[PDB]
Amino acid sequence: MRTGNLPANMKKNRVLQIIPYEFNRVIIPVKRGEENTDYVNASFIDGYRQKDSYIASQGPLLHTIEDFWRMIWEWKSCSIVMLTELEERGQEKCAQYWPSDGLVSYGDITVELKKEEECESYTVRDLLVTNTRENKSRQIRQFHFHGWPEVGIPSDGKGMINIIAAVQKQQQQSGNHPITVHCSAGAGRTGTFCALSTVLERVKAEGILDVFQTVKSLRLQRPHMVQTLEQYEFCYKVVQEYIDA
């Protein structure tokens, strides 16, 4: 049933249980020849009164980061939220799908400098993406969250709020385009953010907080959105701290 469970797409996944359903899997144009180059472990996620507001994704691999950027380019995303550090191991938890200052090129896409101001619990990164059938790109701002522990689940709900507050705002002029959220598998930490994003918008636009029917919607769209059932209580924990300010 699932295209991600194809022998050709096996390697392209970081976690076996977390694969995108075929109804909302994010598709890319096939490359060079035909066959198997339209797959990326990612899926569109609805938000508060917005169909497909996010792209719940797994952190790339470089034997796959180009499919990560192609994904990003094809779907006009100007916001990248990374909820992890490249390392807590077994392996490369993710990226450096962005430059350590050089001008890294991934096939037809080129990313570049400008990106470094360090906020409280996250570093903001302004990149300049360009294709090869040319078009420089939407000063793609990358929000790297560092306020998330390698073990347990965060302290006080801020950082995530001053960061969620950062993402929803840049998305204004950027053209209200999908936000790429990703951790390592793109379910627990990615699903929480998405969940927190949604519930936080309904609250300040309807005063209601469906922190469950919501997490409920998230599941039906991607395996285990909001796994460890404490990271969640955290959703409610952060859903309280926002009301008191």
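Residues numbered from 1 in each chain as written, not as in the entry; some residues may be left out. Heavy atoms only, no water.

- If you look the protein up in the PDB entry, it shows as Protein-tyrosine phosphatase alpha from Mus musculus.

### Thoughts on the environment of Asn162
No. 1: Here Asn162 shows up in helix α2 (residues 160-170).
No. 2: For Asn162, a relative accessible area of 38% corresponds to the partly exposed category.
No. 3: Through-space distance from the C-alpha of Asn162 to that of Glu120 is 8.6 Å; in sequence the pair is 42 residues apart.
No. 4: If we ignore the near neighbours within four places in the chain, the residues touching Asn162 are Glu120 and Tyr122. (Helix = DSSP H or I, 4+ residues; strand = E, 2+ residues; numbered from the N terminus. Buried < 20%, exposed > 50% of the residue type's maximum accessible area, 1.4 Å probe, protein only. Contact = heavy atoms within 4.5 Å.)

### What about the side chain of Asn9?
No. 1: As for its placement among the helices and strands, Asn9 is situated in the segment before β1 (42-45).
No. 2: Judged by relative accessible area, which is 0%, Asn9 ranks as buried.
No. 3: Engagement of the side chain of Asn9 in a polar contact is seen with the side chain of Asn36, the distance being 3.4 Å.
No. 4: Those residues in contact with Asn9 that sit more than four places away from it in its chain are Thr3, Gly4, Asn36 and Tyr39. (Polar contact = N/O pair within 3.5 Å; in protein donor to acceptor, adjacent residues only side chain to side chain.)

### A look at the nonpolar core
No. 1: One finds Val81, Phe143, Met160 and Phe193 to be the most contacted residues of the largest nonpolar core, which totals 36 residues.
No. 2: Of all the secondary-structure elements, those providing two or more residues to this core are β2 (54-57), β7 (122-130), β8 (136-145), α2, β9 (179-182), α3 (188-206), α4 (213-219) and α5 (233-241).
No. 3: Per-element accounting of this core gives the leading share, 7 residues, to α3.
No. 4: Once residues lying within four places of it in the same chain are set aside, the contact partners of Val81 are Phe143, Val167, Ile179, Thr180, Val181, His182 and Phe193.
No. 5: Counting 24 residues, the second largest nonpolar core, distinct from the first, contains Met71, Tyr106, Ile109 and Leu127. (Core = buried A, V, L, I, M, F, W, Y, C linked by side-chain atoms within 4.5 Å.)

### Overview of the pairing of β9
No. 1: Across the two faces of β9 the burial is the same, with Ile179 and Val181 and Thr180 and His182 all buried.
No. 2: Sheet topology places β2 next to β9; 4 bridges connect them, and they run parallel. Note that in β9 the partner of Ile55 across the bridge is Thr180.
No. 3: Where strand β3 (residues 79-82) lies against β9, 4 bridges are found, and the strand directions are parallel. (Pairing = 2+ DSSP bridges.)

### Considerations on the packing of α2 against α3
No. 1: Closest axis-to-axis distance for the α2/α3 pair is 11 Å, and the angle between their directions is 75°. In terms of axis orientation, α2 runs roughly perpendicular to α3. Note on element contacts: α3 touches α2 through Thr192, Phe193, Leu196, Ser197, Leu200 and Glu201, opposite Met160, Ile161, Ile164, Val167 and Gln168. (Axes fitted to C-alpha atoms, helices over the stretch in contact; angles between N-to-C directions. Parallel < 35°, antiparallel > 145°, perpendicular 65-115°, else oblique.)

### Considering the packing of α3 against α5
No. 1: Packing of α3 against α5 brings their axes to within 10 Å, and their N-to-C directions diverge by 35°. The two elements α3 and α5 meet at a crossing, and its hand is right-handed. Residues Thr192, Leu196, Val199 and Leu200 of α3 form the contact with α5, whose participating residues are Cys235, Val238 and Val239.
No. 2: Residues that form the contact of α3 with α5 fall into these classes: 6 nonpolar, 1 polar and no charged. (Left-handed = near helix turned anticlockwise from the far one by under 90°. Nonpolar A, V, L, I, M, F, W, Y, C, P; charged D, E, K, R; others polar.)

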